Amino acid sequence: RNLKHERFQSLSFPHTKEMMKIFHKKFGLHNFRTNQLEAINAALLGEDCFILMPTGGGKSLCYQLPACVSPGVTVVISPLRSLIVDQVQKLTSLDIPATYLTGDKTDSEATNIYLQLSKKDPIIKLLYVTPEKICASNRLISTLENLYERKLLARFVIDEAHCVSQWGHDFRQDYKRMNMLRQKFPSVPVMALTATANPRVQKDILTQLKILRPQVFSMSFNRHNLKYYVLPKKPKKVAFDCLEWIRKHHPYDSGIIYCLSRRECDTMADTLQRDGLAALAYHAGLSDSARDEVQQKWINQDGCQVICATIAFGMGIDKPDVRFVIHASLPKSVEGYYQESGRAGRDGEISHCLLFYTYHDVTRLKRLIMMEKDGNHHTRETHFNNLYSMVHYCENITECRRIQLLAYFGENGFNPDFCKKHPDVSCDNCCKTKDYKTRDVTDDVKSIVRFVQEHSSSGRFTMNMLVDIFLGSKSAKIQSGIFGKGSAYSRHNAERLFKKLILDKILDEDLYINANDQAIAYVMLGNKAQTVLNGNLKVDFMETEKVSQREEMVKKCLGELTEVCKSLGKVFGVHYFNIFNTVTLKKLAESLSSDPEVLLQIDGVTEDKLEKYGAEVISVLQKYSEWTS
DNA sequence: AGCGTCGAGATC
DNA sequence: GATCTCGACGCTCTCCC
Ligand SMILES: Nc1ncnc2c1ncn2[C@@H]1O[C@H](COP(=O)(O)OP(=O)(O)O)[C@@H](O)[C@H]1O
Ligand SMILES: [Zn+2]
């Protein structure tokens, strides 16, 4: 399914002259990434395009570049004004005419937009818009209708297209009403983009939007620049480990910490602030005035380094230079973990994804499923399925996590040499230095299964009890059926081995509620236990035991350049990263050159940007002129 | 009633 | 010095918009 659009890879096309002209001089880029040239060409031939790329893939270019090289205006549908504002700010920073009708623009300002569009001489190529605006306001419609007639409606871009699927992680009703846009404007090319790896959703997007035979541009959803860590969660020193970790690796960079509840966010946020870390809580419990102040401070890096957010609310804001993302608890599913931690490092620079794990968090999350009241169906059983798939990600400490994540989406092709060919972004499992031998413990398992069967006739021994008992400890509750046999086993391997008999469907768990809300998991038996007792299924387990002077100047240079962007930001009324992105800055500093003939040969440096932001930047770069050796 | 935490003492 | 064990003591949160 990962096709090759050999037809669209040619530079022989008529538009190719002007397109490359805008690609080099307006955007300032030099080389296309995977499926970029193919997707761009296709869009410019009037084809219905469907873009599937992971975060940071390069989805923005697939519609932003065609709009610049097209008669008329491209109409882009986005789900949030926050996303819209960020993209328009990036575009206006390149002197590319664009604006938006989100709804919080007063009718007077709104009308000024409709004016520039009506002249039929519009200089504006990109018009971002929210879905309820199209649905509710028939004022917008009467404008578009005029553009269609003069053949100036270039195409309908549908950003975040996964919002149309009820099977998607972010469903929106107004996206269902997008089919009415194609009905009135059938001649107009439609383009859908998404960063969803879930194929069942990818398929559903096409079915719901009723796009007739599109060009499907797929890609490997492996996140090339994310370091995946799983770490042992000693509860109650999460904040300390986060504080310690952040200060060690990324003391002066923004990040996110995801917590299950609004309260735990406040708690996490509180602990960090009083120790001198710029942390704020972020969730739906905040007043609207508060919410706006948080995102002001976090996005612009003005008095807030870290937000402590609930998953639902954390999706609502973003910045491209998020250097780390920490999950304080255990995510509900692997797709969820992937999309959540995936939003780190959109700017393509290395970023870290830390999951704090303990199996205790499982029983908590297990009870949440039982409680909630939309209806206890055998679909909510699947919420349990996803959960088990998540634990597997955490318990698997040998197989490359990149393979594990992609395997969950069923991605085929990925080379397991990646972490080895790319040491700088290796995951923890491939980071783990030593080897381990797998042994057969069927003998040991039989005794165990027998033990549980005897005292169950729900359950009467939790995992901890069972481990203490089988470890031959002195905290053990009963020294009868298997006391002292896992004497060989450490309390690390004894633990994991017990975590692996609840993952092979060998021992299920009991969810008794307590004399209080925190539920306990008594151990029972798992269906497959007899296929083991039959003399059939075999079991296996795997016991687990200076800077140089020029390099010093680029650091100093890069330091000043960042603040200059921050200042230019407040002046031009724009986020600091919509001036120069992190990669642009990093390459500028490493040249130490003031020669514009060398600077324009760097990604992100354009004639316009080096003209209205140049003077301030070149001044700083002049100081290091005597170092460009 | 289970469960981390954590100081004191065993063990390497 | 660093990791383990024991066992007394203290806290346990139907989540998210
Ligand atoms: N082909 C490319 N060449 C150079 N830089 C690129 C390219 N594509 C994207 N980028 C850079 O990557 C950053 C984010 O890419 P973006 O298109 O926003 O990814 P996505 O839209 O998938 O989130 C942008 O700041 C842009 O400068
Ligand atoms: Zn790996």
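Residues numbered from 1 in each chain as written, not as in the entry; some residues may be left out. Chains lettered and ligands numbered in written order. Heavy atoms only, no water. Residues with missing side-chain atoms left out of burial classes, pairs and counts.

- X-ray crystallography is the method the PDB entry lists for this structure, together with a resolution of 3.200 Å.

1. A look at the UniProt feature "binding site: ATP" in chain A
Step number 1: Per the UniProt entry, the sites bearing "binding site: ATP" are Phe32, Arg33, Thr34, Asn35, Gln36, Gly56, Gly57, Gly58, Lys59, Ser60, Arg346 and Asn581 in this numbering.
Step number 2: Take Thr34: its relative accessible area is 44%, and that puts it in the partly exposed class.
Step number 3: Assignment of secondary structure puts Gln36 in helix α2 (residues 36-43).
Step number 4: Excluding its chain neighbours within four sequence positions, the residues that come into contact with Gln36 are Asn31, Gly58 and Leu61.
Step number 5: At 2.6 Å, the side chain of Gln36 and the backbone nitrogen of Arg33 are in polar contact. (UniProt positions renumbered as here; feature names shortened; annotations may be inferred. Buried < 20%, exposed > 50% of the residue type's maximum accessible area, 1.4 Å probe, protein only. Helix = DSSP H or I, 4+ residues; strand = E, 2+ residues; numbered from the N terminus. Contact = heavy atoms within 4.5 Å. Polar contact = N/O pair within 3.5 Å; in protein donor to acceptor, adjacent residues only side chain to side chain.)

2. Details of the protein's contact with DNA strand C
Step number 1: Near DNA strand C there are 22 residues, and of these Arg262, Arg367, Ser473, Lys474 and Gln518 occur at the shortest range.
Step number 2: When the atoms of DNA strand C within 4 Å of the protein are sorted by group, sugar and phosphate make up 74%.
Step number 3: Between DNA strand C and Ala284 there is a distance of 2.7 Å, counted from a phosphate oxygen to a backbone nitrogen or oxygen.
Step number 4: Here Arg364 contributes a side-chain N or O atom positioned 3.2 Å from a phosphate oxygen of DNA strand C.
Step number 5: A total of 4 residues in the surface near DNA strand C trace back to one element, the largest contributor, which is helix α15 (residues 360-371).
Step number 6: Broken down by class, the residue content of the surface near DNA strand C amounts to 5 nonpolar, 7 polar and 10 charged. (Near = heavy atom within 4 Å. Nonpolar A, V, L, I, M, F, W, Y, C, P; charged D, E, K, R; others polar.)

3. Focus: the site of ligand 1
Step number 1: What surrounds ligand 1 is the set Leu29, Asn31, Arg33, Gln36, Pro54, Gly56, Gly57, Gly58, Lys59, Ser60, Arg346 and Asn581.
Step number 2: Contact between ligand 1 and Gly57: an oxygen atom at 3.4 Å from a main-chain N or O atom of the residue.
Step number 3: Contact distances for ligand 1 include 3.1 Å between an oxygen atom and a side-chain N or O atom of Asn581.
Step number 4: Expressed as a share of its isolated accessible area of 560 Å², the protein-covered part of ligand 1 is 85%.
Step number 5: For the shell around ligand 1, a count of residues per class yields 2 nonpolar, 7 polar and 3 charged. (Areas by Shrake-Rupley, 256 points an atom, 1.4 Å probe, with all protein chains shown as cover.)

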